[PDB]
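Heads up: the structure comes next, in structure tokens.
No value in this document is a laboratory result; all are computed from the given coordinates. Cβ sites come from the backbone with ideal geometry, for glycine too, and all protein chains shown count toward neighbours.
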Ligand code: HEM
């Protein structure tokens with residue numbers, strides 16, 4: 001179940017966020033903690049490709065080796081709040097699972113600056129969801145969360161101390177695939 005109407009950042013700068021570059025998940029929190037593993041790797045690229053607002057996703061479970069990529073087309077609900085479809089793809093953009101009625105996520109940018117962000121995601125696959133999922137992002141895969149984003153976590157009435165870090169998982173990412181997937 002998802003339970004939060006996440007509030008987007010006041011004055012969110014869409015073009016800076018959706019600039020074609022990669023964001024790494026450094027820390028995450030699911031309000032239903034059992035919905036996701038205790039160790040995980042995730043990243044995304046976000047940009048406009050031929051006029052279309054896109055995200056490319058990467059998930060990797062460092063214990064099981066489960067790996068998957070997605071390409072998403074985003075629709076705008078309001079500034080910084082989107083509804084995204086998704087198709088599962090290989091790293092080269094070949095479709096494994098097509099865009100499907102009932103497979104979508106909401107995506108809210110609660111805070112962002114040039115280097116860091118806080119997002120909320122509510123994933124739906126049919127009648128299933130993956131709970132309220134918060135993630136701290138950085139442009140640098142190894143950056144410890146700084147004061148701007150940690151304060152934003154507090155301003156969301158959350159506690160950064162309770163987020164799970166991805167930093168001790170030897171996460172390695174294919175940035176080139178994430179960038180090219182934006183076009184697919
Ligand atoms: C970076 C923002 C993220 C977004 C937008 C996102 C979105 C998604 C989407 C679209 C899927 C379904 C993929 C498919 O079936 O084709 C998925 C699956 C999944 N995600 Fe995320 N995700 C993000 C980060 C994370 C993080 C940080 C975790 C933490 C463990 C996580 C855990 C999972 C798990 C466990 C699944 C598999 C769910 C299932 O089997 O039903 N995700 N995610």
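Across the chain, C-alpha contacts under 8 Å between residues 6 or more apart give a mean separation that, scaled by the residue count, equals a relative contact order of 29 percent.
Gain on full extension, evaluated as 0.36 nm per residue between residue 151 and residue 179 minus their Cα-Cα distance, stands at 7.1 nm.
Neighbour counts of other Cβ atoms within 10 Å put 97, 25 in the fewest-to-most order 97, 25.
In this label model, residue 68 and residue 35 are separated by 1.5 nm, measuring between points 7 Å along each Cα→Cβ vector. Across every direction, the projection of the convex hull enclosing the Cα atoms of the stretch 1-142 has a mean area of 8.5 nm². For the chain, the mean residue ellipticity at 222 nm estimated from helices alone is -2500 deg cm²/dmol, where every DSSP H run of n ≥ 4 contributes -39500 (n - 2.57) and the total is divided by all residues, rounded to the nearest 500. Within the listed set 78, 151, 165, the residue fluctuating most in the Gaussian network model of the chain (springs between alpha-carbon atoms under 10 angstrom) is 78.
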